[PDB]
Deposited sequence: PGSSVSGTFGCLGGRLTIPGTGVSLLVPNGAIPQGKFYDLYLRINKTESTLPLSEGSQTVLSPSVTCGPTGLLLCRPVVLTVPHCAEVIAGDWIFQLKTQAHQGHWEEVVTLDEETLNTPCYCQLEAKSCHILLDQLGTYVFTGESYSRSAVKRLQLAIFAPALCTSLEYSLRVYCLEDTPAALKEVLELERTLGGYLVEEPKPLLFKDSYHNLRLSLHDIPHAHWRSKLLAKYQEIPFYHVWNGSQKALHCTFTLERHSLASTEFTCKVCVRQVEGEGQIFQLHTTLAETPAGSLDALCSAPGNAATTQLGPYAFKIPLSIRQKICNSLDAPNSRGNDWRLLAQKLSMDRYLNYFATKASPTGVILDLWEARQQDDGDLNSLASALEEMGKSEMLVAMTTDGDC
């Protein structure tokens, strides 16, 4: 219900966002035909709906996201942003954007680095998210596959305990989640129903394509007052279950027993690690959606038009939108911008999409300054 949002947009565009997920749809100025208004929606689909894409070497890297309705005319691309859990720079991944024509059926839109002049999207692949320029709306998911020993995904580790405890029985739920805000939001919602609370801030863990399992154990339990109810000294989560994705709230449950209700404080060391890989320690101690244009955008229309007019013109020594794209690290496949009526306009849309996250207006001015462009353009873009 609240994993979907909707809005009405015109040619001035705007932004649709599902709060706490990393998922948003940026509808730029001029994507919607002048004098028209579109009712659009944006939804995250069930974690389990991509299960067929999660097997052996293949993994789902992002939530599956639907934007629509389909069948509306767009004049310029829109930007669909999704978070991902890949470590991108490192070991070899084959990245792919996939689309779902109808329920239970996926096909590739593109495999990254196989782009052609006909590819109807551009995946701007960032460290922790993808900003996907789309020529059309629909259902999309970002996937990655690898046999490389070097390929890494990012996890976040979140531990929950019951807020109310009346028994001698006590339990800790140690979740091993994909590192996206969406994944955390989902588990927080699950635990609200289960009556759990987050005992510590989540912690990162890198998980390697090494075929090694996750191992989880408790240590330094106050034996005088507490005991573990499990025979095994540790628990494991199978490598493929961690690797593949599309699994709702992966966790192990640890079960403890207090001697009496006088014991109202629990302490222990929780270790979560990949065999032959990384590990984390928790030192535990418990007690018993819609913006509209042009205000949705960081660059005023007047300044955007000035930049686009300056940079759209082909430059003999390479000093045009191509160099701006290179400077902003948006140059993995320049020909997607080249076929647009304003290559600069689409680059700026991508920059806008980035600014919802980590950057600053100075990344744009810095780039323009290094390009030797008008100091008036730099003046206009500085922050």
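S.K.: So which bits of the deposited sequence did not make it into the model?
M.R.: No C-alpha for residues 289 to 307, 403 to 405.
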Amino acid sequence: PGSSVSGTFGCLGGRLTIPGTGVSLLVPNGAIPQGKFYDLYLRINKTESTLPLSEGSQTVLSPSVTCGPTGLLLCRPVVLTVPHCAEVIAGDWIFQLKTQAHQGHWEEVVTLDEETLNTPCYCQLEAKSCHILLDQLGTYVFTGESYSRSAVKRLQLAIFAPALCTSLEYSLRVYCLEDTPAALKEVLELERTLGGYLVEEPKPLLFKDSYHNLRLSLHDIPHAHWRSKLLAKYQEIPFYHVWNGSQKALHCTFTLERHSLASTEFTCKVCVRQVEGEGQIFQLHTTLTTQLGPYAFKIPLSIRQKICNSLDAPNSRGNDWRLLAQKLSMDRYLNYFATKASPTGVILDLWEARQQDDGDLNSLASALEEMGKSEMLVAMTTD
From here on, numbers count along this sequence of modelled residues.
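S.K.: What stretch has the higher average Cα B-factor here, 236 to 244 or 296 to 304?
M.R.: Comparing averages over the C-alpha atoms only gives 296 to 304.
S.K.: Would you determine, from the values in the PDB entry, which of 320 to 328 and 60 to 68 has the greater average C-alpha temperature factor?
M.R.: In the deposited entry, the stretch with the higher C-alpha B-factor mean is 320 to 328.
S.K.: Kindly indicate the residue among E278, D209, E126, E265 with the greatest C-alpha B-factor in the PDB record.
M.R.: Going by the entry's C-alpha B-factors, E265 comes out highest.
S.K.: Going by the entry, which of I159, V79, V110, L261 has the most elevated CA B factor?
M.R.: Comparing C-alpha B-factors across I159, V79, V110, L261, the maximum falls on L261.
S.K.: Against its chain's modelled residues, does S363's Cα B factor rank lowest, middle or highest third?
M.R.: Answer is highest: the recorded C-alpha B-factor places it there.
S.K.: Ranking every modelled residue in this chain by its Cα temperature factor as given in the entry, which third contains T17?
M.R.: It falls in the middle third of the chain.
S.K.: Split into thirds by Cα B-factor across the chain's modelled residues, where does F142 land: lowest, middle or highest?
M.R.: As the PDB entry reports it, the C-alpha B-factor of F142 lands in the lowest third of its chain.
S.K.: Lowest, middle or highest third: which one holds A182 when the chain's residues are ordered by CA B-factor from the entry?
M.R.: Lowest third of the chain for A182's C-alpha B-factor.
S.K.: So where's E169 on the chain's Cα temperature factor ranking, which third?
M.R.: According to the entry, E169 has a C-alpha B-factor in the chain's highest third.
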